[PDB]
Structures are given as C-alpha cells and as structure tokens.
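**Q** Structure in structure tokens, see below.
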Amino acid sequence: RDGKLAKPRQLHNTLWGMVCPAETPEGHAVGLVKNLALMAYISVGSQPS
Amino acid sequence: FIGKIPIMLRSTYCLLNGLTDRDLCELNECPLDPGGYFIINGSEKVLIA
Amino acid sequence: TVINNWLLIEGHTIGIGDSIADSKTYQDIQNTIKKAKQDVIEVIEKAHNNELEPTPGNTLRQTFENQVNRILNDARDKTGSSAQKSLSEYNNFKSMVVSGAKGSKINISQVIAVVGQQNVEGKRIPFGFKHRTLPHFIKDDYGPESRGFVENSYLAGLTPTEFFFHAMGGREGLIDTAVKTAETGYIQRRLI
Amino acid sequence: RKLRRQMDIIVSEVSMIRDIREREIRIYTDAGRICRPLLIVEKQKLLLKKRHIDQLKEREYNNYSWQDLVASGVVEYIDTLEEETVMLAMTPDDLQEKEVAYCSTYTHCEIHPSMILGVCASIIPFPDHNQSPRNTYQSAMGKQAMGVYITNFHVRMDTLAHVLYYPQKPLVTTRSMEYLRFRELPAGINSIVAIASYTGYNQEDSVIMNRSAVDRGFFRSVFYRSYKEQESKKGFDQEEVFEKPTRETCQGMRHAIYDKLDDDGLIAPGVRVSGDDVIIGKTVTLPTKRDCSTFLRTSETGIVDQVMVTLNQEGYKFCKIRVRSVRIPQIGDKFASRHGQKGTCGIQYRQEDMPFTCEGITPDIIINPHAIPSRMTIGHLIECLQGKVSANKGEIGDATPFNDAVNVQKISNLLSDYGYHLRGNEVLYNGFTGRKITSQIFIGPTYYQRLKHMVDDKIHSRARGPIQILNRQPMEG
Amino acid sequence: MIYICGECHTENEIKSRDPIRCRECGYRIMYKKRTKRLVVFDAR
Amino acid sequence: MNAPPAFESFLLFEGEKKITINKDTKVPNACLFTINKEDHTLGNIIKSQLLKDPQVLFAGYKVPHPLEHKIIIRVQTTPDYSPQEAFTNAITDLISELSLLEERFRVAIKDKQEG
Amino acid sequence: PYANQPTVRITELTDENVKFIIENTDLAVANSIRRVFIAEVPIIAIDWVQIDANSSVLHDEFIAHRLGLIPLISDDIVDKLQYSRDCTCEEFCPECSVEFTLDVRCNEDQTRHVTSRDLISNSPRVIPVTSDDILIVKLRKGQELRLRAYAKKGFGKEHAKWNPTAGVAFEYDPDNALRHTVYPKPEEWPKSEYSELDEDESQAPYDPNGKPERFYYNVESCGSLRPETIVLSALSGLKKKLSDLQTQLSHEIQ
Amino acid sequence: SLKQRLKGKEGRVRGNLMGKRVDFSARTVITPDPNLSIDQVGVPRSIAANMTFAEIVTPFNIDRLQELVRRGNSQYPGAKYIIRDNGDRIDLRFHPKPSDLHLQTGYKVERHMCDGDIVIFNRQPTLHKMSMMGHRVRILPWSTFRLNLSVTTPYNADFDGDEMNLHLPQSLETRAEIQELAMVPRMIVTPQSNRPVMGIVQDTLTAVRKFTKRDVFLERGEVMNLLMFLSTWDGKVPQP
Amino acid sequence: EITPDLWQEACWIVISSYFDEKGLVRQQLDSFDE
Amino acid sequence: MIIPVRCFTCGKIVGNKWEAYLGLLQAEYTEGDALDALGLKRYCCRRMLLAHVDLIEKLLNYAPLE
RNA sequence: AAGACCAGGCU
Ligand SMILES: [Mg+2]
Ligand SMILES: [Zn+2]
Ligand SMILES: [Zn+2]
Ligand SMILES: [Zn+2]
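Residue numbers (the deposited numbering), protein chains in the order written: chain A, 491 to 539; chain B, 148 to 196; chain C, 674 to 865; chain D, 588 to 874, 888 to 1077; chain E, 15 to 58; chain F, 1 to 115; chain G, 2 to 132, 146 to 268; chain H, 338 to 577; chain I, 16 to 49; chain J, 1 to 66.
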C-alpha cells in the first residue's frame, strides 16, 4: 500500500467484464481493492488427466 | 479425531444446506442471507480473495 | 445578507432544459464530428500508403499521433464553441459560468456537445490487449472510436466502450490525487 | 472447442487458446482464473434462438435452466487471456446485421453491456450519463447507506446496527436490482427534491430539509448497541460475579445510580438508561471487591431492548445486552443521492416555510444547483425527470445503463402528457411572502440515502480530562 | 427470576448460581422479561 | 442532544417581553419593534399593512436568525405622525379586515349549504 | 389608508375539500392565511404514551409514533379543551386530555391487524377519524399489545401530527399578467385550470398597473376537522394573535 | 529499544515535543450559516458548556462572577471551578458547597465559554497561515460549527462531512495576541501573492451578476426589505 | 427461429435464469466445497 | 416495515389504503388505475403506495418470544 | 493497560 508506483493501480483494459470499473475504495488503496463483476466466475480447477 | 475445521455457512456441509424458506424461518435464519462466511468466536469472518 | 435576501425573489436553478440545445446545433455538432472522423480516416489511409512525411526531430508515430490529436482537439473546440454560441441568455449553465461561481466552458461543452478524448498517462488509450484496446475492436485500429474518443455527450449518454474508456480516464486523476499528497507534504516539511 | 461445448470430456472450466503467430496452443484447467459467460455466434447468427427463450420463460415446472442452456452449446465461459483471440459484438441487433461492414468474423456476443458493473455500481440509475469519479463516489457511499440489512435483525445481537423505519424501493430502478434483492431490503426513500438556491443554507454541498416531513417519520431510524460481559475465574479464589453491589462497599467509588439493576445484577429490558447508568453490575472478589461493572457509551441515552443470559464454551455465565435508541435526522446528519451528490443538512424548515407548487406540494429536500455544473451528474437530473414521469404513470421507470429505448426527449414527451412542463420545471411560490419565484425551479422525486455518519457520533470536547500514564499528556480518542 | 427460553418460549423459574438449561428442553439461551416499571413515551 | 424543545418557536420563556420598542438615532421619527416568539406569519402581514399608510416613509421587517424566533420591524413616519400610531392603526385595520372576511366567509358557507 | 373590503366566493364544498376564491385583498394576507391553515390551527392528537406489553415486531416508540400520527375527530371539543400548559390541574383530566386504551392479543392462527378501530376512548366525540381502518401493527399468534395514551391540544408548530391539513393549494394570477414569473418559452407551459384566455395565446398582456387581486384556494382536510371549519378556526386564530399584539403593544406604549 | 522510542514519527521528539495533544480543544462537523459575520463562528451549547475559560475576579466583574457561581455547572452560563489564591481548586459540579461559593478579588473563576470569546479555528491539512484564524464565538442550537461561506475558501472547506478543530486560548495575554494578530479580517489579504484570500462565492456571486444587470428593477417594498438587511445603512432611502 | 428484436426480453430472461441457478456467492461456496 | 400513516410531503393519510390497493391490483387494476380509484391525485401521495415495500409480512414469518 | 492488525471518512 506504500508503493508510489502508479502502474498497478490503473484500470487495465483486461478488467472489462471481470472487475467493476467504478467500485474501488478511496485513499491509499485506490485500484488495489477491486470488486467482482456481476457475471464474473472464478474457476475452481480440475485435473488435466 | 484430529481436530475441528470451521464450516462455511450454507456450504454442502452446513446445517442450512438444502433447507427451504419455512425451515430457515423456523431456525431464525434469513433466506436472503447468502452465506459464504465463517463464524469464529461469535464473529462473522469473510475470506478475501 | 442583502444579495441572498434578494435572491429569495428571483431564485436560481438548474435542469434538463439548461442542458438541451437546438436541433440545428445538434446537426452542426454531428456534421463536425463526421468531417473530423473522415479527416482522421484520411490521415490513417495516408499513413497506410506511406504518404505521410515525418516532421523534423519527430518519429513517424509521433507525427501521426500529433496530427490525429490536432484534428480531434480542433473538432472538440469547434463543437464546444458552437454549443456555447447556441446558449440562450436564460440558460443557467451560462449564468453560472459567466459569473465565475462554478463550472466552465469546457464543462458546458462536455455536457451539451462532446465529452472529448480520454487520455491515460498523457497519451491516447493504450493497447492492453495484444494489438487492440477491447475485444470489440479489430487489431491495429488507430481510429478515434477504438482509441478512446468519446463521440457522445453526458446528456446523450455513453456507449459501453466509451463508458469504460471514461472510467479509465477518471482512474488516472483519482490515482494522481491519492499519490501526490505524500510528496507535497514531505517537500513542505523539509522547506519549513 | 466442440468437446468443450458438448461438455463431453472437457469441463467448461477449461480454457483453450491458440496463438497463431507464436505457434503455441495453451490449455488451462488451473483454478483461480476469472471468466465470464458469452453467447456463441456462428457465422453472423446467434445460436440462441426463440425456442430457448420460450423454454427459459417457462423455466418453472420445466426443470430447464442455465445448466441446460450451457449443455446446448449456446453460452460459453471465457477467461481473460482467451479474450485476446475473441471477436466480441456489443449487441446482436446492431453489430450482426449487414452494414458497410466493420467486421464479419464475430465469434461471441455479450449478454448485456450493463453486466460489466459490480454490486454497488448496479444500483446507480443512468450510470452512463455521469462522470466516472462520481460513479466511484456513489459506489463507495452505497456501502454506508442505511436500511434494513437483514430481515431477522431482531434475533441478531450485533454491535452498531442501524435500521431504517420506512425503506422504499426506488421509483427509478435498474434491471439488475431484481437480482440484488434491493426491493426486499431497500436502503433509502424517494423524496421530493427541488434544485434551487432558497436561503443560502444549502450552499456548497449542504441540503435544506422539510421539518414537517421529518416529523412524519421521514428518514427516521434506530441504532442498536450490543454489550458483551463474561463471568470468569482466573486465580485460586479470584472470581467475577454478577450481583447488585452496595455502592460504597466496592473499590470503584463513582456517582452512578445502581438502582436500575435487578437481583441478578442485570437491567431488565424496557428501562430507560442514560449516561453513567450501570447496565451490568459485576464484582470481582479482591483476594475486598473490585468493580468491573460496564457502563453505557457516554450520552447514548437509550433504552434496554433485550437481555440474554447463556453459558459460553467453558461454561461460565455469559450475558449480552442490546440497547436501542431512535435517531431523528438532524442538521449534522449526512445524506446522499445515487450519483455522488453528498451533503449535510444545512437547516430544516417547516412546511409553512418551504416553497410550494400550485398543488400545495412542497419539496422534502432542496439542493443547491452549484453541485451540478462542475460535477456533471446529469444522471441525477434524468433520474429526477424519470421519477416524476413514473409517479404519475403508475409504472416504475427503467434506468438500465445502455438501453437505447430511453432518452431524455421521450421522457419529456411522456411528461408533457400529464399537465407538466416537459423539461420538469415548475412554478414555485415563495414560502415566506407567497410571491411567485421569477425563475422556474426543477423539482421531482429522487431516491435519497441516509448515511452512517451523524454529528452525534462525531461531536467531542475536552477540558483537563484523562491523562496518559507515560507521557502525562491528554489521552488519544 | 423468570427467564423465557430461547427455543421453546417456556418461562423458567431460576435463581443465582443455577446452571442455565431450560427445564422443559435443556436449551441454554434465556431472555429476561420486560420489567414491570412503566416508561412514558412522547408520540413525537 | 443539543436540540431546543419544540415550544421555543411559539412560547415565551418567562421574563421575555412580547414587544420591545427602541428609538432609532440614525434617522428622526424612526422606531424599531422587537417581537419575541413570532415568525413571517405576522411580520409579513404587518409590513404589507404598513406599506398602505400614506404617512409611512419606511416599513420593513426581518428575522435576524432563522434558528431564533424573533422579528425586527423598522418603521419611519412623517414628522407629525408617530410610528406607534402607525403600528396600532395597521393592527386595527388588519383585525377589521379579518373580521369582515370571516363574516363574509360564514355567509358564503351558509349560502352554499342551503343552495 | 385603510383595510380592504374583500369578498368570498366558494366554488366547491365537500367533506374532504373546499375550493374558494378570495378577491380584493393583499398577497401577504393570503399567504399568512394559507400558512395559518397549516401551523396555527389547533387539533387533538395523541401525545403521551405508556406501553404495558409489546411483543410485536415493532419497537415501543415506533408504535408510539404511529399512534401519534393517527387523526382524531377534533370537531366539537378542541375549542373546549385547554392547552396542558394552561390547564389548572397537575395531571391528566378530561379538561386537558383524552384517554385511549389499547388491548389486543392474537390467539387465532391467521394474522390480526391492529387498526385504529381498536383504539377505545373515554368519550364518544373523539373516535379516530376512520370510524377503511388505519393499520397500526400486525400481530402473529401469541403476540400482544397493551397500552394507554393521553391526547392533548396543539398545533402544527409543535409537531406535524397537529397539522390539520392534507396540503393547501394556493394560486394567484393564473394568466401571467403581472409577470411575477418569466417563461423563457411561454408556448411550452400548460395552462392553469383558472386561465381565462384562448387556447391560442400563452400569456396575458403585461399589466403595469395591476397588483395581485384574486387568490384561488383549495383546502383539503385530513379528517380531524371539517374543511369548512378549518378556515374559520384559522381566521379566528389569526385575529386573536393580532388582538394579543394590539393589547401588549398598547401596554408597551403606556 | 530507546532508539525506537526516540527515532521515528510518534517518537518522543516529533510525536510529543514538536507536536502533542492539548486540552481545551473541540471537534465537530461544520455547516453553513450565511447570517453570521466572516469573523463569527457558531458553537453548540454542549461544547460551550464543556469548554471553560479562567477569568480573574476584579471589583468590576465580581457580581457577575458570583451570579455565575450561583448558577453553577447545572444551569448553562455558570462556573465549573473556583481557584483560590493559594491554588486550591473548588469544584461546583458535584455539590452546592455553599460555604465555598464565596468569592474575593484574586480568585479565578472558570466560566463556561460565552458569546464574544475569541477562539482559534483550524482545518487539519493546515497548508498556510490562513488555515488557522481567530473567530468570535456565537452560541447556537444543534450540534454543528457554523461559519460564513466566504471563509470557506481560506480553509478549503466544503460542507460534506467536514469537521474542523476549535482551540480556546486560556489566558488574557494569548487572547490579546490572537485578537491583534490572527483575526479573520486581519488575514483578508495574503502576503503570499498580495491578493485577497476571501471572496464572494457560490449563490451570492451568481446572484451578484444577476442583481447587477441593467434589467433589474426593484419595487418599493423589495427595496425596503433589502435595505432592512443592510448593517451599515445610514437610514436614508435613495431617490429612485 | 431468430429472436427478431425481442432481444430486451430475451437477454434479461437468460440473465434471470443465470442468477436463479447460481446467485452471487458461488465462488465462495464452490471453492470451500471443492 | 409497514405502510406509513401519513404521506411525508403533504400529510394525507395513506395508512388505510394499502390493503385496498393490494386488492385492486389483485382485481386486475393496473397501478395507475388503482391509485386513481383510491383518490391519490398528486405524485407525492402516489409514490407512497407505489414504492412501498411491506417487510412486516416477512417479519411475521419468524416465531415470536412467549 | 498496552500493543498489533483491519475497515472507513475529510482534504
Ligand atoms: Mg469535503
Ligand atoms: Zn426451553
Ligand atoms: Zn387538566
Ligand atoms: Zn402527499
């Protein structure tokens, strides 16, 4: 949270449809705390047998 | 017996699993409550991705 | 005291009628946006056929971006000027901007005419994907729509891609506001 | 891809990507990958057809559901780095049809562009008509909007619970609020909002409120405070006991009234409790006695709502007490719309002093027009107009983001049919003198939220109070 | 003391130092009845 | 917690004089009337009635602070006429008008009810 | 230099609503009359509440607030009652309060709606106005609600529960002849129901010598007082306030 | 270790010597009040009751101080403490102690903060010396600090959940210093850029423009009302 | 068989069906169950 | 929870109209026709019945104390 | 008692 490098905080193009672009906290965690999109689903994993 | 594992609410091993609206109301549990959190020492704890 | 108590009589407000312009002004704005997009298309086609001559001291990419930015900025300024000219004497946006209380001519232009180009790190919207901005656009697309130029206004509403590009644009301002404070305070303390 | 769409031996979990230029083919079954569903497009036509929609419309008593839709090869899960090879169409009716073609190799189509928003951002009406910083501010403030958080709140024993008297579902709604269950647990009230400079008390971000409406229960709420207390043993005969002290026969000499405690040292519910009142008389036998009794938070000025006595893990006596206080909105209290327009209450005027229309309607909330020009929240105005149309029509307006079937001219044309000025303006009369106001003020119903931050929880004063032990300086907090 | 039980709503007669289990059902949650002394509200 | 009680809008706290009369030294024949526990309802009435008097040169009222319940009225009259007399005459004229309006409203109600 | 000679026409008169027109009077007079319609008209409302048993799902002061917002028939006795601060007795008596008692228990399985019909008063003149029924609370089987309430006399300045009115419509100069409002586009504004001009023209021509002269009213009663007597009570109260000023200012002159 | 005790921020030197927590300070939310002067501040009664100012008994004010002591800490205006010449502190808040309520010249009576007191008022980012100016206390109902809106731009404050700090000087000498040096009207023009700091803002500025156009014609009663709201008016109505 | 600009009904029907099957916290419950 | 006794804006009693409104909506009246039939002319009273959410029904599902 | 972590607000 102390890193002044802006790059990881910016809204990346690949967040389209995955992470809400509007919803982030203010202050020291801008862009570092992200909320899930409505239709986003996180994979649970499987064996590649 | 090797230990106790906390249980995520409304999971496959929770006691609320598969209960209906009437059962949840009889148990004083809101049907609209999504679950997905733990109860540790009476407090509700949510794991952040 | 005296001027608030007089304002009790005349009153002040803001509304939708303050942000809706004339149908002729709308037609002029659409025509301007059309010629501007056609000009950017012509510039892109000139670069594609390698007819564009590089400005001294500047790379071909730099001069291409400079020309496109020039065209889009001229378009946005012309549309804003037309929208400001279309304003009536009763418009509350004009009444607020002229007195200098709050708002500005660019705010009026973005409300009525064109939100304008969206920029990240002082540059046009980058290629977060391999050679494109979003999966809706084709690869190697340097046109205004693909690179973050918002054709619509706030009153008309934004398309989904323009909305996402505007969110990207506002994120930069939020980050800068959140970041600059520590350095500014440290400089102030060291000076004191 | 065929096997994945037939679900045959490849789970829809699995992502497959072919990078042609680098000649690589990557397959991921790994966990933790974020993905979203998309419609498959074959040639220029969707694979979703009218029979699928018919079966899904008869979803009840047909055991046909989203899993059956997936098994038919109509929708597909696609993750982030597979999108690099995906050609997406924003909508079928407007990018699949033949034009002077931009593209013809579309492979997928979005369900609806409004699905790119989160839970808190899906309650914003007309989010595409606002500035993105204001959308972020509303997304942050919606988590602080007060309402009915859970239906069984009377059973729960929680600290710092806020509940609202009369939640209302919004008159202007988003299509995705049905899936967020916002109707069942609303977090605000539709209020008549006039955007005008009335007396200068709404300047900056402040708000003027109608005191008569507040007297009628407008934005009234309840705050519940919970207190935990534990009987325990530690030493060989050091033990804590719930009992009613004699005030002067214990080490804690203070002025407070112990008369409210019962035989077991617990205040019964229904007893008004003020500052310094002892809710739980607990004595620790000093190997005389030490007073470890608990007090109310200062000036909480509440009423005991519920008292509970149980046994903990170990088996000692355990007590929970829930206190309620009602909180009527005051000057310092914080109110916000769904557009980032946040503000305290500058002043409250009674119904007699509020401006009124020809029909006797007076606004519940008056906000300064200067909040609009710089912040550029036009969605606020569009919501106010759509709500004015909806309250007369009897329907609930649709403010879903990217629907082209709603625009401001159409809303104005609908409003003009009810005897109102088509842009929402209305002639207001001065409350003090009865004279007309020269300008016509924009008025209408808008959804407003009361926020957790109140002046009663923030006001603080100090004069030679407690002193820190080590620095001999005033305490923190 | 009269303690309403948390599961079966039967009141229990019970006293100090008694271990809390409801006589009917063994449940461990009790609630104190609203006191008898009266509290006056304004209808504002 | 700092909310004043509901009755300070309309009810004297004991020791307050309902009306206080102070001479204005800035201009001759000018007076300042302080009405406690009143609001616009009465001040606007009195000001509007005072503006009809041809012998009144100035007539105005204000609430010094909305959170306080107090009216200030300034009346300036011609040299041979006292602002006290102007105030009393305005009040009497207002009462006479209200009485006539009440009587005519009652007559209208009776005519409306029995056709 | 003197009072008006105003006249009253009454156009509509029902049990809910009174539309009337006041001619030949000042605008400040009319505004103060419509303001007294709201804030200075006395009525009877429940003010003191004691709850004995409340096992409903709504808390004690929620129910007390709802009880206080229930209108009571104030037609006869509101002139007879004293203000409690003016009453000579120390404690609630029929000259300064009305006692109400509520005692409901839900023994039946289906939910019982406790309504204003369940309020019982010591005297027959001051029943709740709705006697469909105003819903106070809903009771599940086994739930109980018993309480006492005393009603006092007050007006809208104290609290909105003492507001006798359900909105006062007020309007003057329907055709904008005095130009007190300026329409940027007069053709876009719907015409008032009192307009006297043709369907083709938007506004009356400007009248530099005119002053506001007809006031159109529409007083809608909430049920406690009849709309006919609301206006009379308001006029009497305003006259009494002016007379009290006259008296104390005569004293201050002396 | 001791190095860690002294080294960083919140260490001894920076956290307890260069800056430290103080007494006689208050914090709450700020709300606008256009009826106040630019040097006035609205103060809730609860804060003014808690905050006290020590005042020295003289033959001029002995009667008023005795009245305050009789009021005590229960009624709003009275005293909280009486300090004898020997330094003994008598507390009036618990008991009437009627033998101790005697006052004589030389005593110090800690009265409750009243109208006219001088207070430093501060907004925390504290970027320039106009971020802390001395105000004059006016006591108002409810629980918010109230200030004129032209004063907002010096503090960079807006009424959207903003809280501001209030420091009350405890000595006559520091009161004179604040009055003569840091009062709001003395800080109108900044030495930073030789420009005024306060200006006409918001509704009033827009109304200024709309009021000063040529088309504005005001009728007689409107003129008399507007003149009633003038404080420096000489009382002569100008010829129209 | 094509949906002929009935699309506003169709897409919200399929979205309803999706949220009726899964809901909002499926990633939590699925992760813990697995 | 439950229908407010008074409309907040004007003060008309809307507390006795919730059951009738529900009955009309059940009798195939639309919301606009039902509101017109009940006599709620201006939008301030209409919004009361149109935007009300009756949570008291949900609260009555849970079993009570005693 | 104190320390630690977390969440949030105003610039
Ligand atoms: Mg702020
Ligand atoms: Zn039991
Ligand atoms: Zn009596
Ligand atoms: Zn209404």
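Each residue gets a CB set at the ideal place from its N, CA and C atoms; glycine is no exception.
If I follow the unbroken beta strand (DSSP E) through residue 813(D), where does it start and stop?
**A** First-last of the beta strand (DSSP E) with residue 813(D): 808-817.
**Q** Between residue 56(F) and chain H, is any beta-carbon pair separated by less than 8 Å?
**A** Residue 56(F) does not count as touching chain H.
**Q** What does residue 364(H) reach in chain D if we use C-beta pairs closer than 7 Å?
**A** Ordered by position in chain D, the residues that pass the 7 Å Cβ test against residue 364(H) are 1060.
**Q** Is DSSP giving residue 87(F) helix, strand or coil here?
**A** In this structure, residue 87(F) counts as helix in the three-state DSSP scheme.
**Q** Going along the chain, which residues of the stretch 178-190 of chain B sit with their C-beta nearer than 7 Å to a C-beta in chain I?
**A** Those residues of the stretch 178-190 of chain B that come within reach of chain I (Cβ to Cβ, closer than 7 Å) are 181, 182, 183.
**Q** Taking 8 Å as the threshold (C-beta atoms), are residue 440(H) and residue 402(H) in contact?
**A** Closer than 8 Å, so yes.
**Q** Please confirm if the stretch 779-797 of chain C is in contact with the stretch 971-984 of chain D, defined as three or more CB-CB distances below 8 Å between the two stretches.
**A** Touching, per the Cβ criterion.
**Q** Alpha carbon to alpha carbon, what distance is there between residue 514(A) and residue 495(H)?
**A** Using only the alpha carbons, I get a separation of about 23 Å.
**Q** What did DSSP end up calling residue 534(A) once you bin it into helix, strand or coil?
**A** Residue 534(A) falls in the coil class under three-state DSSP.
**Q** What is the C-beta distance between residue 73(F) and residue 33(F), in whole angstroms, given that I count them as a contact (C-beta under 8 Å)?
**A** About 4 Å separates the two Cβ atoms, so the contact holds.
**Q** Which one of 609(D), 594(D), 654(D), 675(D) has the shortest CA to CA distance from residue 629(D)?
**A** Nearest C-alpha to residue 629(D): 675(D).
**Q** Sorry if obvious, but does the Cβ on residue 45(J) come closer than 7 Å to a heavy atom of ligand 4?
**A** At least one heavy atom of ligand 4 is nearer than 7 Å to the Cβ of residue 45(J), so yes.
**Q** Check the Cβ-Cβ distances between residue 763(C) and every residue of chain G, and say whether any is below 8 Å.
**A** Yes - at least one Cβ of chain G is within 8 Å of the one on residue 763(C).
**Q** So what does DSSP say about residue 506(A), is it helix, strand or coil?
**A** Residue 506(A): coil per DSSP, three-state reduction.
**Q** Near residue 17(E), which residues of its chain fall below 6 Å by C-beta distance, leaving aside the five closest residues on each side in sequence?
**A** Taken in chain order, the residues that qualify are 26, 28, 44.
**Q** Check distances from the C-beta atoms of the stretch 195-228 of chain G to those of chain C and list, in chain order, the residues that come in under 7 Å.
**A** Listed in sequence order: 198.
**Q** Taking the Cβ atom as the reference point for each residue, do residue 163(G) and residue 68(G) lie within a distance shorter than 8 Å?
**A** Yes, the pair counts as a contact, with Cβ atoms nearer than the cut-off.
**Q** If you count every other CB in all the chains shown that lies within 10 Å of the CB of residue 1021(D), and 16 or more means buried, which is it?
**A** The residue is buried, with at least 16 neighbouring Cβ atoms inside 10 Å.
**Q** For residue 58(J), which residues in chain D fall below 8 Å Cβ to Cβ?
**A** Chain D residues near residue 58(J): 738, 771.
**Q** Less than 8 Å between the beta carbons of residue 56(J) and residue 233(G), yes or no?
**A** Going by C-beta atoms, residue 56(J) is not nearer than 8 Å to residue 233(G).
**Q** Based on Cα-Cα distance, which residue from 21(I), 27(I), 18(I) lies nearest to residue 765(D)?
**A** Nearest option by C-alpha distance: 27(I).
**Q** Does DSSP classify residue 37(F) as helix, strand or coil?
**A** DSSP places residue 37(F) in coil when its eight states are reduced to three.
**Q** What's the gap between the Cα of residue 457(H) and the Cα of residue 487(H)?
**A** In a straight line, the C-alpha of residue 457(H) is about 17 Å away from that of residue 487(H).
**Q** If contact means a Cβ-Cβ distance below 7 Å, which residues of the stretch 27-54 of chain F contact chain D?
**A** Cβ contacts with chain D come from 40, 44.
**Q** Rounded to whole angstroms, what is the Cα-Cα separation between residue 61(G) and residue 111(G)?
**A** Approximately 23 Å, taken between the alpha carbons.
**Q** Flag residue 90(F) as yes if its beta-carbon sits less than 8 Å from any beta-carbon of chain D, otherwise no.
**A** So, not an interface residue.
**Q** With a cut-off of 8 Å, does the C-beta of residue 523(A) fall near any C-beta of chain I?
**A** Taking Cβ atoms only, chain I never reaches closer than 8 Å to residue 523(A), which makes this a no.
**Q** Fully enclosed by the stretch 436-514 of chain H, which beta strand (DSSP E) runs are 3 residues long or longer?
**A** Here the runs fully enclosed are 445-449, 455-459, 469-476, 482-484, 500-504.
**Q** Would you list, in chain order, the members of the stretch 1013-1038 of chain D that have their beta-carbon closer than 8 Å to a beta-carbon of chain C?
**A** Answer in chain order: 1023, 1024, 1025, 1028, 1030, 1032, 1035, 1037, 1038.
**Q** Report, in whole angstroms, the separation of the C-beta atoms of residue 40(J) and residue 1(J), which I expect to be a contact under 8 Å.
**A** Not quite, the Cβ-Cβ distance comes to about 21 Å (not below 8 Å), so this is no contact.
**Q** Below 7 Å, is the gap between the Cβ of residue 96(G) and the nearest heavy atom of ligand 3?
**A** Residue 96(G): yes, Cβ under 7 Å from ligand 3.
**Q** Just the chain D side, please: which residues come within less than 7 Å of residue 27(J) by C-beta, in chain order?
**A** The premise fails here: residue 27(J) is roughly 15 Å from chain D at the closest Cβ pair, so nothing lies under 7 Å.
**Q** So the candidates are 34(G), 39(G), 98(G), 33(G); which of them puts its Cα closest to the Cα of residue 173(G)?
**A** For residue 173(G), the nearest C-alpha among the options comes from 39(G).
**Q** In whole angstroms, what is the alpha-carbon distance linking residue 993(D) and residue 11(F)?
**A** Looking at the two C-alpha atoms, the distance is approximately 45 Å.
**Q** Taking all protein chains shown into account, do 16 or more other C-beta atoms lie within 10 angstroms of the C-beta of residue 518(A), making it buried, or fewer, making it exposed?
**A** It is exposed - the Cβ of residue 518(A) has fewer than 16 other Cβ atoms within 10 Å.
**Q** Looking at residue 19(E) and ligand 3, is the gap between the Cβ and the nearest heavy atom below 7 Å?
**A** It does not: the Cβ of residue 19(E) is nowhere closer than 7 Å to a heavy atom of ligand 3.
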